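Engineer:
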Amino acid sequence: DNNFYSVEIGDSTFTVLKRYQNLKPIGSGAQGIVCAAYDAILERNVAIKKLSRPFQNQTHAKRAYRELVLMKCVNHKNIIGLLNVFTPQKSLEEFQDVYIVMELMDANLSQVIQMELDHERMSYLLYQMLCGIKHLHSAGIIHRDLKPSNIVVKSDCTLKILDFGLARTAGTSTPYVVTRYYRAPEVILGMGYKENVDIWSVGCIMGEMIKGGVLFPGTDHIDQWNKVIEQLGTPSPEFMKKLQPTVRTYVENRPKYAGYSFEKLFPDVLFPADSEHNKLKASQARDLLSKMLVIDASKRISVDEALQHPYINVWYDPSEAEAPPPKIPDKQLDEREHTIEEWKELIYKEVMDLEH
Amino acid sequence: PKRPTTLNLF
């Protein structure tokens, strides 16, 4: 009569409420699989994400908390929605792993980058992505790991941002936690970050869609910076000044580039037929790209600015863009370190809170 | 300038 039950997926155990059946592996979060299921009660497909003894370690514990905590208080049509949390363990003492249920979308961006979209479709997808983002920012939270694998869509052309374990507030206080290609210079050259660090990610994503391939490959964290300067060209002396001297030498030491123009980076060739009416212009896209893909963090456009931009704003709806922010329970401020015991304590209460 | 409502994930 036990409320849960177990199933082997490879050599992973999923112990989940009987309601959830016919599991199927689907992917990984920052931490976890990630597994599609039939919620027999609700009669609809879901994604069940398992976080295996998440308090096992400082890092994990922390990410897990945020993940849970954000997943909870965040509500926006462009953020992936929570459906249920649980642990099969019966006590704080006896506790070890957590399970998260989210809605299941149709596919992640992989995927879209693949087919040739038309302006309205692309533009709109971006619009969504951005609103989603602006939601998070509107409460101070940065996503840090936006990337196609983390962005899912539905075949009615809807879109949601996903996976929050990475997500925190600005600053400094590892460099190599965010997906290598989608790393803003601030992140690559280790100088800490602010909101629009995401905007950078969005450029790489938008670009990738337009290019069909990854904007800046880069084989190692170091080669990455070559691919950036290669294309955008060497940043200003003004910018360099802000680099930690050790980094700054290596950088100044790189071969100088003027870098290609966005017209040349992004030939007309690539874009579809131009707009019905004006604003969805192949060049209008470029102009946005030009304001997003900017090495200089403080010369770089924000979500708000990007939602204003004439290639995005055709979809602008205040009820989506200027939604009410999420409230984060204020006691939580995403960095205060603890013992693995205090962490396990924290998460568990947090799961307990969230169980039905 | 209508929103699309369909995305071919064939």
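Here the protein sequences line up with chains A and F, keeping their order.
Residue numbering for the first sequence is 7 to 179, 183 to 365, as defined by the entry's author numbering.
Start counting the second sequence at 554; every next residue gets the next number (the entry's author numbering).
C-beta atoms are modelled at their ideal positions from N, C-alpha and C, and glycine is treated no differently.
Going by alpha carbons, who is nearest to A/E331 out of A/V312, A/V186, A/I349?
Structural biologist: That would be A/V312, whose Cα lies nearest to the Cα of A/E331.
Engineer: Whose C-beta lies closer than 6 Å to the C-beta of A/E329 among residues of the same chain, with five residues either side of it excluded?
Structural biologist: Closer than 6 Å at Cβ, skipping near neighbours: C137.
Engineer: Using 10 angstroms around the beta-carbon of A/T255, count the other beta-carbons present and answer buried if the total reaches 16, otherwise exposed.
Structural biologist: Result: exposed.
Engineer: Pull up the distance between the alpha-carbon of A/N235 and that of A/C213, whole angstroms please.
Structural biologist: Each residue's Cα considered, the two are about 15 Å apart.
Engineer: Can you round the beta-carbon distance between A/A113 and A/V158 to whole angstroms, since I take them to be within the 8 Å contact cut?
Structural biologist: Contact flag correct, Cβ pair sits at about 7 Å.
Engineer: On the three-state DSSP scale, how would you describe A/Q27?
Structural biologist: A/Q27: strand per DSSP, three-state reduction.
Engineer: Within 9 Å (strictly less), CB to CB, does A/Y130 reach chain F?
Structural biologist: Interface residue, yes.
Engineer: With a cut-off of 8 Å on the beta carbons, I'd call A/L115 and A/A53 a contact; round off their distance for me.
Structural biologist: Incorrect: roughly 16 Å between the Cβ atoms, too far for contact.
Engineer: Mapping the DSSP letters down to three states, classify A/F170 as helix, strand or coil.
Structural biologist: Coil.
Engineer: Quick one: grab the DSSP three-state call for F/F563.
Structural biologist: Correct three-state label for F/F563: coil.
Engineer: Taking 9 Å as the threshold (beta carbon to beta carbon), is A/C163 in contact with chain F?
Structural biologist: A/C163 counts as touching chain F.
Engineer: Helix, strand or coil: which one does DSSP assign to A/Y191?
Structural biologist: If DSSP states are grouped into helix, strand and coil, A/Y191 belongs with the helices.
Engineer: Where does A/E351 fall in DSSP's three states?
Structural biologist: Residue state, collapsed to three classes: helix.
Engineer: For chain F, find out if any of its Cβ atoms is closer than 9 Å to the Cβ of A/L289; answer yes or no.
Structural biologist: A/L289 counts as touching chain F.
Engineer: Less than 9 Å between the beta carbons of A/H141 and A/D207, yes or no?
Structural biologist: Not closer than 9 Å, so no.
Engineer: Classify A/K56 as helix, strand or coil using the three-state DSSP reduction.
Structural biologist: Strand at A/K56.
Engineer: Here's the rule I'm using: 16 or more other beta-carbon atoms within 10 Å means buried, otherwise exposed. How should A/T228 be labelled?
Structural biologist: Answer is exposed; the Cβ neighbour count stays below 16.
Engineer: According to DSSP, simplified to helix, strand and coil, what is A/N90?
Structural biologist: A/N90 falls in the strand class under three-state DSSP.
Engineer: Ordered along the chain, which non-local residues of its own chain (more than five positions away) have a Cβ less than 7 Å from that of A/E126?
Structural biologist: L289, listed in sequence order.
Engineer: So A/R174 packs on A/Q233, CB below 8 Å; how close in whole Å?
Structural biologist: That belief does not hold up - the Cβ atoms of A/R174 and A/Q233 are roughly 22 Å apart, past 8 Å.
Engineer: With 9 Å as the threshold, decide whether the Cβ of A/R50 is near any Cβ in chain B.
Structural biologist: The structure shown contains no chain B; its protein chains are A and F.
Engineer: Does A/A43 come out as helix, strand or coil in the three-state DSSP assignment?
Structural biologist: Of the three classes helix, strand and coil, the one that applies to A/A43 here is strand, per DSSP.
Engineer: Is the beta carbon of A/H318 less than 9 Å from the beta carbon of A/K336?
Structural biologist: Result no, Cβ atoms of A/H318 and A/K336 do not sit closer than 9 Å.
Engineer: Indicate whether at least one CB of chain F lies closer than 9 Å to the CB of A/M215.
Structural biologist: So no, A/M215 is outside the interface.
Engineer: Closest to A/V40 by C-alpha separation, out of A/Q102, A/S210, A/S155, would be which residue?
Structural biologist: When only C-alpha atoms are compared, the closest one is A/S155.
Engineer: Using the Cβ count rule (16 or more neighbours within 10 Å means buried), how would you classify A/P333?
Structural biologist: Exposed.
Engineer: Roughly how many angstroms separate the alpha carbons of A/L316 and A/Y133, rounded to a whole number?
Structural biologist: Whole-angstrom Cα-Cα distance: 7 Å.
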